[PDB]
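If you're matching them up, the sequences are chains E and D in order.
Positions 586 to 622, 639 to 682 (the authors' numbering) are the ones given, in order, by the first sequence.
Positions 1 to 14, 27 to 622, 639 to 682 (the authors' numbering) are the ones given, in order, by the second sequence.
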Amino acid sequence: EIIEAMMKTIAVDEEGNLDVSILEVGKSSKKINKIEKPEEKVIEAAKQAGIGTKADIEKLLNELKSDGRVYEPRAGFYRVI
Amino acid sequence: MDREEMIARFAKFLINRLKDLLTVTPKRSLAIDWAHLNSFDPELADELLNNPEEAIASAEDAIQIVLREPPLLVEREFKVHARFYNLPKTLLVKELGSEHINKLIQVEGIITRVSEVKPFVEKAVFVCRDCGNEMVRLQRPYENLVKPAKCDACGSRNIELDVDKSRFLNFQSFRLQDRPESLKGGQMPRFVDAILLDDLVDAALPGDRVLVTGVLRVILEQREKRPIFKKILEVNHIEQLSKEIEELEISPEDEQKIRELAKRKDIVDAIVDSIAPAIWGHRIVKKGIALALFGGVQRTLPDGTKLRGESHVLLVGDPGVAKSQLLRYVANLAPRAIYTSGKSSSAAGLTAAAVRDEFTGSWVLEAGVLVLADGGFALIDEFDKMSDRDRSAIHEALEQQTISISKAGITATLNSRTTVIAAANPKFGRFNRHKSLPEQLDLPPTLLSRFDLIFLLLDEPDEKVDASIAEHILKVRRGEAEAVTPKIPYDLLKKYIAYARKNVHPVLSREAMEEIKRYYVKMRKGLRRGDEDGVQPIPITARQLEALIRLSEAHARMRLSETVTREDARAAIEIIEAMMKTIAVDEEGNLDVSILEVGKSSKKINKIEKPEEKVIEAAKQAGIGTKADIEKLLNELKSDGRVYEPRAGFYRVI
Ligand SMILES: Nc1ncnc2c1ncn2[C@@H]1O[C@H](COP(=O)(O)OP(=O)(O)OP(=O)(O)O)[C@@H](O)[C@H]1O
Ligand SMILES: [Mg+2]
Numbered sequence: 586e587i588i589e590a591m592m593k594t595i596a597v598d599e600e601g602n603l604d605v606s607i608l609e610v611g612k613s614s615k616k617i618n619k620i621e622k639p640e641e642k643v644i645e646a647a648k649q650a651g652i653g654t655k656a657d658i659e660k661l662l663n664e665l666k667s668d669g670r671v672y673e674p675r676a677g678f679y680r681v682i
Numbered sequence: 001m002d003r004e005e006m007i008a009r010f011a012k013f014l027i028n029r030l031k032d033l034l035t036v037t038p039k040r041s042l043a044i045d046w047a048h049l050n051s052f053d054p055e056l057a058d059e060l061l062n063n064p065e066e067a068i069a070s071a072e073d074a075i076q077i078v079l080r081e082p083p084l085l086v087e088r089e090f091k092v093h094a095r096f097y098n099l100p101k102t103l104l105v106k107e108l109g110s111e112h113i114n115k116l117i118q119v120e121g122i123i124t125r126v127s128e129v130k131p132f133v134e135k136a137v138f139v140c141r142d143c144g145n146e147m148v149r150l151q152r153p154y155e156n157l158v159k160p161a162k163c164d165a166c167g168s169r170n171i172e173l174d175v176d177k178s179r180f181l182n183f184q185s186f187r188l189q190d191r192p193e194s195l196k197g198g199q200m201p202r203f204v205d206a207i208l209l210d211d212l213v214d215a216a217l218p219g220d221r222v223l224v225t226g227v228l229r230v231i232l233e234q235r236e237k238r239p240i241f242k243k244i245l246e247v248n249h250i251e252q253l254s255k256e257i258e259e260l261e262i263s264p265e266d267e268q269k270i271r272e273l274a275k276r277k278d279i280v281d282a283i284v285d286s287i288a289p290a291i292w293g294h295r296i297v298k299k300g301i302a303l304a305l306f307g308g309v310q311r312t313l314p315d316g317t318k319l320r321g322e323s324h325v326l327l328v329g330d331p332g333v334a335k336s337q338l339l340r341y342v343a344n345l346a347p348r349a350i351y352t353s354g355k356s357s358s359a360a361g362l363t364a365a366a367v368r369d370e371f372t373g374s375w376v377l378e379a380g381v382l383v384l385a386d387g388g389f390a391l392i393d394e395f396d397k398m399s400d401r402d403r404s405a406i407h408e409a410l411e412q413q414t415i416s417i418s419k420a421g422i423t424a425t426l427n428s429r430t431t432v433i434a435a436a437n438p439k440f441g442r443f444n445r446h447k448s449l450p451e452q453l454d455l456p457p458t459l460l461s462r463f464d465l466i467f468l469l470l471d472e473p474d475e476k477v478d479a480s481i482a483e484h485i486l487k488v489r490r491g492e493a494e495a496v497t498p499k500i501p502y503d504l505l506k507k508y509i510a511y512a513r514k515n516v517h518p519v520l521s522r523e524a525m526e527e528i529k530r531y532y533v534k535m536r537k538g539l540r541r542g543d544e545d546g547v548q549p550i551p552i553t554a555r556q557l558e559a560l561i562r563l564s565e566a567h568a569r570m571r572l573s574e575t576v577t578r579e580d581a582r583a584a585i586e587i588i589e590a591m592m593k594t595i596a597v598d599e600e601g602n603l604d605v606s607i608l609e610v611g612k613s614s615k616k617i618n619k620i621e622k639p640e641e642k643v644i645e646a647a648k649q650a651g652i653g654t655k656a657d658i659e660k661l662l663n664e665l666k667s668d669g670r671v672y673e674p675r676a677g678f679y680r681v682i
């Protein structure tokens with residue numbers, strides 16, 4: 586009951602993935618990063650794809666800019682490494 | 001103390029060694045035995061053990077006398093360095109302490125650091141502008157340079173170094189450390205640095221087990237502490253360890269019980285169940301690790317080449333599969349194994365490297381796990397996390413089992429004859445069944461072709477396997493008997509593996525060769541032309557054939573048989589087939605372990621795919653791939669440079 590209440594009060598995921606270890610939800614978070622793997642073009646490409654909202658895909662590519670998977674080639678450009 | 005008496009006693013004791033020294037002209041060193049001295053005069057041995065400074069010089073003068081006055085006198089009084097290569101007690105680096113300074117000791121260990129040859133000055137002749145040029149100072153090789161405060165002849169202070177009259181000799185500096193794999197229960201890596209001289213210079217390589225025996229000296233550092241600071245072993249004689257000191261020890265009844273266990277039925281199943289009984293399942297992984305432990309026979313053809321006899325295993329899996337534990341139990345079960353991690357804090361974790369030292373800033377070569385474990389195992393956890401320097405030499409330390417490093421003026425061809433039972437993790441976080449193996453692994457594609465066994469420790473949410481592993485975990489936590497008691501005890505299994513790797517050298521048989529040929533020709537031409545003509549999916553290669561031969565010779569050694577029978581070849585073939593099935597390398601078994609792309613669905617599509641919207645529409649109407657297929661194709665081309673974007677909505681090729 587304590588473990589059941591712990592996973593509920595944290596709300597790790599909508600399906601129960603162990604997000605305490607892998608921060609990615611996995612159900613609809615890690616998969617989207619593989620679909621993502639120009640800046641004005643990839644937002645329009647993700648809009649018709651529906652993998653994530655505008656605010657969501659903005660953080661998906663920016664978080665990848667930290668590790669370096671998705672870099673910014675030029676002004677308004679976004680290409681994977 | 002009675003120096004003349006010591007010289008007379010040494011002359012009366014000293027003759028076969030002197031005869032052998034007089035026979036060969038260029039040889040100058042003389043190897044004196046301590047057992048001969050004990051059989052002749054134990055008082056001289058006690059005097060040598062008391063004060064080695066007045067003992068080596070007196071013995072040297074005495075052997076020079078016995079070389080001069082008796083016949084066969086050499087024209088020149090060349091330096092005859094007394095090299096005592098025996099002592100009643102063989103100390104260790106961990107046992108060594110300050111109570112052995114200024115006494116002839118015999119410490120054993122393994123060399124980890126090595127310096128270059130330097131011309132150190134022995135008798136520094138000090139020159140001055142005024143008189144007082146004959147002044148000399150007998151400096152020490154381990155100590156630093158000393159300068160006189162004033163010349164006693166005339167009171168002048170214009171001192172200088174006369175490099176013309178100074179006698180320079182060879183000097184080397186190494187670091188003797190405790191054998192980590194041979195001695196790991198103590199967990200004491202304390203070590204003592206040592207110096208080598210004109211005769212002992214360039215005697216051993218880093219990672220070799222040597223038995224050095226010299227006078228433990230000491231050097232003063234500064235005035236920060238009143239007593240001495242650091243001790244430096246002045247090596248008098250160096251010699252490599254024998255073939256029993258650096259290996260396990262066995263008894264006659266131990267050999268008898270090992271033979272009896274070998275005669276026991278289902279020995280292979282017992283060995284597999286005896287490897288890490290705590291972790292449930294992974295029977296194929298345990299069998300592969302066992303086959304890696306009983307490594308194949310290492311043969312050297314007369315043409316000069318050396319055939320490989322080490323089966324490397326890579327355990328790729330998602331976190332939480334107890335892969336790390338697998339690397340802990342085998343670390344203590346294997347005879348010679350150094351359990352390490354990928355995130356190594358040392359400057360040379362696995363590959364040797366030339367780094368600056370602290371004594372004089374001189375470049376010294378320091379070895380790593382892949383060198384100190386010569387003739388053993390190296391369980392490298394988190395193999396995906398390696399520095400860029402180590403990712404360029406592991407390609408040679410596996411195939412050529414050697415490390416040729418020449419940076420910083422330190423040329424050395426080390427021998428990395430280690431079995432790498434490693435375990436890597438996917439860079440994405442979890443392995444995907446719909447993608448290839450090197451596409452999610454941080455290791456380069458060429459590196460994956462080295463490991464003879466690549467097991468996928470992928471977890472699956474199946475009700476049966478989850479219930480089984482939960483029951484096993486509850487049993488191992490409750491303290492159940494048969495859950496932690498293997499069929500073979502750990503010490504006996506370790507001695508068994510040692511005996512098999514030392515005395516059992518199986519040879520191939522015509523039946524096993526016929527079976528291997530049949531399997532190879534069955535695998536070859538395995539629908540290779542299918543869906544790929546330019547790059548037909550290759551099901552197997554000669555490398556993997558050599559790996560299968562090594563695994564077949566591993567199953568014959570596991571049961572202590574000198575002939576690789578048909579059963580061993582069939583077991584190796586079954587293991588290879590299970591690995592190829594659980595890997596899912598390609599649709600038709602293409603060897604993506606070298607290119608990291610299947611020739612049917614990845615490499616073919618890439619060539620027929622290499639604007640953005642216009643080109644994806646053209647691909648869609650021509651039939652190269654669907655929407656997601658062309659999206660992944662354009663992403664791959666962007667990453668490679670073939671869809672780089674100069675403008676918005678543009679995927680031109682460079
Ligand atoms: N078959 C099994 N039998 C017993 N325990 C298991 C089994 N599979 C997983 N475990 C448990 O999973 C836990 C984690 O394992 P461990 O940390 O040793 O390796 P790992 O989890 O694979 O490492 P990583 O998560 O970094 O891949 C351990 O406590 C272990 O007991
Ligand atoms: Mg771990």
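Cβ atoms here follow ideal geometry from the backbone N, Cα and C, with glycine treated the same way.
Item: Candidates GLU558(D), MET535(D), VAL610(D): closest to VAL547(D) by CA position; Value: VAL610(D)
Item: DSSP state of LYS135(D) mapped onto helix, strand, coil; Value: strand
Item: Length of the line joining the Cα atoms of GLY373(D) and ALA136(D); Value: 22 angstroms
Item: Backbone secondary structure at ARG179(D) - three-state DSSP; Value: strand
Item: Segments of 4+ residues assigned as alpha helix (DSSP H) that fall wholly inside the segment 514-545 of chain D; Value: 522-535
Item: Rounded straight-line distance, which links the Cα of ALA656(D) to that of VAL643(D); Value: 14 angstroms
Item: As assigned by DSSP and simplified to three states, the class of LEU253(D); Value: coil
Item: Cutoff 8 angstroms: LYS642(E) Cβ touching any chain D Cβ; Value: yes
Item: In DSSP terms, what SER185(D) is bridged to; Value: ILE207(D)
Item: Any non-hydrogen atom of ligand 1 closer than 7 angstroms to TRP292(D) Cβ; Value: yes
Item: The segment 243-256 of chain D / the segment 112-131 of chain D touching (three or more Cβ pairs under 8 angstroms); Value: yes
Item: The segment 335-349 of chain D / the segment 504-511 of chain D touching (three or more Cβ pairs under 8 angstroms); Value: yes
Item: Minimum Cβ-Cβ distance from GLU673(D) to chain E less than 8 angstroms; Value: yes
Item: Exposure label - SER613(E); buried when at least 16 CB within 10 Å; Value: exposed
Item: Any C-beta of chain E under 8 angstroms from that of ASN437(D); Value: no
Item: Residue from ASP210(D), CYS143(D), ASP32(D), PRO218(D) with nearest C-alpha to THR425(D); Value: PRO218(D)
Item: Contact set between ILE595(E) and chain D, taken where Cβ atoms lie within less than 9 angstroms; Value: The contacting residues do not exist; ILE595(E) stays about 18 angstroms from chain D at best.
Item: C-alpha distance - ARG536(D) paired with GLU523(D), whole-angstrom precision; Value: 20 angstroms
Item: As assigned by DSSP and simplified to three states, the class of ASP464(D); Value: coil
Item: For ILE417(D): DSSP bridge partner residues; Value: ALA424(D)
Item: CB contact below 8 angstroms: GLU586(E) versus chain D; Value: no
Item: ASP393(D) - partner residues in DSSP beta bridges; Value: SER353(D), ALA435(D)
Item: Given 8 angstroms, three or more beta-carbon pairs between the segment 384-393 of chain D and the segment 187-203 of chain D; Value: yes
Item: Straight-line gap, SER606(E) to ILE588(E) (C-alpha atoms, nearest Å); Value: 16 angstroms
Item: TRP46(D), DSSP secondary structure in three states; Value: helix
Item: C-beta atoms of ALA360(D) and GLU378(D) nearer than 8 angstroms; Value: yes
Item: Cα-Cα separation, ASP330(D) to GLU265(D); Value: 44 angstroms
Item: DSSP beta-bridge partners of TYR672(E); Value: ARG680(E)
Item: Per-residue contacts from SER667(D) into chain E (C-beta, under 9 angstroms); Value: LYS622, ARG680, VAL681, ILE682
Item: Close Cβ partners of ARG555(D) (< 7 angstroms) along its chain, the five nearest in sequence each way excluded; Value: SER461
Item: Range of the contiguous alpha helix (DSSP H) that encloses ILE644(D); Value: 641-650
Item: Span separating the alpha-carbon of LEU33(D) from that of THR430(D); Value: 39 angstroms
Item: Neighbourhood of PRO160(D) by C-beta distance below 8 angstroms, restricted to the same chain and skipping five residues each side; Value: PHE138, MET147, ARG149, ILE171
Item: CB-CB length for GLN189(D) against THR124(D), believed under 8 angstroms; Value: 5 angstroms
Item: Per-residue contacts from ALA676(D) into chain E (C-beta, under 9 angstroms); Value: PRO639, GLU640, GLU641, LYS642, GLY677, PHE678
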